[PDB]
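The end of the sequence shown is residue 387 by the entry's author numbering, with every number in the run present. Where is the CB? At the ideal position from N, CA and C, for every residue including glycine. The structure appears below as structure tokens.
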Amino acid sequence: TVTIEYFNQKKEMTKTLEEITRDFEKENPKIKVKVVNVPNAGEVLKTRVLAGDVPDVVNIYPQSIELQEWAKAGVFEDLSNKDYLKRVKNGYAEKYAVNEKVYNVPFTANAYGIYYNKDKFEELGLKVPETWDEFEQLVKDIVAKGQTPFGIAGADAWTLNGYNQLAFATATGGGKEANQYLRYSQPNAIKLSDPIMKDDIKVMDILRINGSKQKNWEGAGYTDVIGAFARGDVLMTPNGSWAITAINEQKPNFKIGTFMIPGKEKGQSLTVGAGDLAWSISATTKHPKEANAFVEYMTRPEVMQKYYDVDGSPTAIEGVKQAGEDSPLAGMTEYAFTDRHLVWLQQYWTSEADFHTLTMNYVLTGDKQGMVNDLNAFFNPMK
Ligand SMILES: [Cl-]
């Protein structure tokens, strides 16, 4: 009577997760599933995979450069041909393929965008923008109506990771494009007078209209910026869809909305993000058939639905009933799991930290050339 391991990385869902684990078992009396929640679970897993003590089912983040390397070594089962994969939106899992196969079932994913105060927007007669020029005017117009366009956490450069990645993606037409310009170009090819660069500069200057941000944003942090937002201290703030929960808790006094960053024209906005509840399988598990049994469980609607009514992140499984056109994340996720919902660019980076910093530095100083330099310094050791 067999027993298998799900090395879970999603620590905050572990209740509803074991909850599920049981009622899968409640009806598979010939399978055990023990649910691993070790601290330092990132480095635990790396050591083991490499030590060849690989878990039966892994919650592994598919943008990871573990997964690229592990898959292209032979650690995971090829799931391209599974039928429960039919159940993912669009081509969606294919966006993490290795050598044209799929090795991970992305059940849910984050996204990134601009949160905004609707009541505000209503009373001030203000429209969600749909082009860089409109965004820029929206910020000017708010400053003029005597309020604060942005909450910006000057001390958490990562809060603007998405914003800048979306700047390059909208300016170049998508992830593949953005990474061509940035990462797969020759060394020192990023140049201040590139049309793209000028565009990117432009998206970033929206963050430095005069008056755009809240007092002392310079040294503000995430949890701070959440507050300003829920208070009304500002009308907007760039961030992931993870924020919504935190934001809900200052019990804000108005209805929250979100919009996707626009590109240069209508119909051209874009959002970024990756798999969050996402699964792969050892190519070397004992009882393979059992693992596969359990993934296809999770892919069932009534199962997902049960995870979703609690987690609330956009889910790429069909026949789950998701929050509707006026949930707070409705705009931010209006094209999730399609091609206008890019995988995080750094999926093909050796790191990101330098990027979050060249990003805030620029918001902080305005130094255009500095950022171009910052950028090749960041990417150049890409040989
Ligand atoms: Cl300012």
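The beta strand (DSSP E) that contains residue i, what's its start and end?
i, result
"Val367", "No beta strand (DSSP E) contains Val367, which is instead part of the alpha helix (DSSP H) from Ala357 to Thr369."
"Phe263", "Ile260 to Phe263"
"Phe341", "First-last for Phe341: undefined, no H or E at that position."
"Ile35", "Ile35 to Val40"
"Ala282", "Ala282 to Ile285"
"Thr7", "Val6 to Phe11"
"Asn121", "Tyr116 to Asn121"
"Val276", "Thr275 to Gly277"
"residue 421", "Because the chain in this structure spans residues 5 to 387, residue 421 falls outside the shown range and cannot be described."
Short of 8 Å in beta carbon distance, which residues of its chain neighbour residue i, apart from the five on each side in sequence? Order them along the chain.
i, result
"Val106", "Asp82, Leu83, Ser84, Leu89, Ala97, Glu98 and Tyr100"
"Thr135", "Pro266, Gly267, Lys268, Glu269, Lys270 and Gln272"
"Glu9", "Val37, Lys38, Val40, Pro59, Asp60 and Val61"
"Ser245", "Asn114, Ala115, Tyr116, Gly117, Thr262, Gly277, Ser317, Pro318, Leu333, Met336 and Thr337"
"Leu368", "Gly158 and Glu222"
"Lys122", "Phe258, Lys259, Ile260 and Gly261"
"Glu138", "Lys131 and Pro266"
"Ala173", "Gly179, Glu181, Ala182, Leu274, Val276, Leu346 and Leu349"
"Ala327", "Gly316, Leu333 and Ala334"
"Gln151", "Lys124, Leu128, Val238 and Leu239"
"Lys50", "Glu70"
Are the beta-carbon atoms belonging to residue i and residue j less than 8 Å from one another?
i, j, result
"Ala278", "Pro66", "yes"
"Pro318", "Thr176", "no"
"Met208", "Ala171", "yes"
"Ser284", "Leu71", "yes"
"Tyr119", "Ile260", "yes"
"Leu274", "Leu349", "no"
"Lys19", "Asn63", "no"
"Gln373", "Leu196", "yes"
"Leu362", "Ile194", "no"
"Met364", "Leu164", "yes"
"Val102", "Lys76", "yes"
"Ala282", "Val147", "no"
"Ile24", "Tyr311", "yes"
"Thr5", "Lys34", "yes"
"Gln254", "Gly236", "no"
"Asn32", "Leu21", "no"
"residue 388", "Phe125", "Absent from the structure is residue 388, since the part of the chain shown begins at 5 and ends at 387."
If I measure Cβ to Cβ from residue i and keep anything under 7 Å in the same chain, skipping five residues before and after, which residues do I get?
i, result
"residue 407", "There is simply no residue 407 to check, as the chain begins at 5 and stops at 387 in what is shown."
"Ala287", "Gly78, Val79, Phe80 and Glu81"
"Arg91", "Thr303, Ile321 and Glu322"
"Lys325", "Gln309"
"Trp74", "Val53 and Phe80"
"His291", "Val6 and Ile8"
For the alpha helix (DSSP H) that residue i lies in, which residues bound it at each end?
i, result
"residue 388", "Residue 388 is absent from the model: the chain starts at 5 and stops at 387."
"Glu138", "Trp136 to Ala148"
"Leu128", "Note, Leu128: premise wrong, no alpha helix (DSSP H); not H, not E."
"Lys206", "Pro199 to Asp209"
"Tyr312", "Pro305 to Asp315"
"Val299", "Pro292 to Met302"
"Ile64", "Here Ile64 belongs to no alpha helix (DSSP H), and DSSP marks it neither H nor E."
"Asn377", "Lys372 to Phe383"
"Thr354", "Element bounds for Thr354: n/a, residue is neither H nor E."
"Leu54", "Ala45 to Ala55"
"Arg235", "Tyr226 to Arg235"
"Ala320", "Note, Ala320: premise wrong, no alpha helix (DSSP H); not H, not E."
"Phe172", "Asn165 to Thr176"
"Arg212", "From DSSP, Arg212 is part of no alpha helix (DSSP H); its letter is neither H nor E."
"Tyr185", "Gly179 to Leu186"
"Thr288", "It is not in any alpha helix (DSSP H) - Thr288 carries neither H nor E in the DSSP assignment."
Excluding five sequence neighbours on each side, which residues of the same chain lie with their C-beta closer than 6 Å to the C-beta of residue i?
i, result
"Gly158", "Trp221, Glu222, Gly223 and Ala224"
"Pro191", "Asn384"
"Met375", "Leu362 and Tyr366"
"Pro305", "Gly323 and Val324"
"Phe233", "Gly155 and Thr241"
"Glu140", "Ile210"
"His360", "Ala161, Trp162 and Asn165"
"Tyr188", "none"
"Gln169", "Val276 and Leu349"
"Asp358", "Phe382"
Discussion item. When you compare the stretch 225–243 with the stretch 84–97, are there three or more beta-carbon pairs, one atom per stretch, that lie closer than 8 Å?
Written reply: With a cut-off of 8 Å, the stretch 84–97 and the stretch 225–243 do not count as touching, because too few Cβ pairs lie within range.
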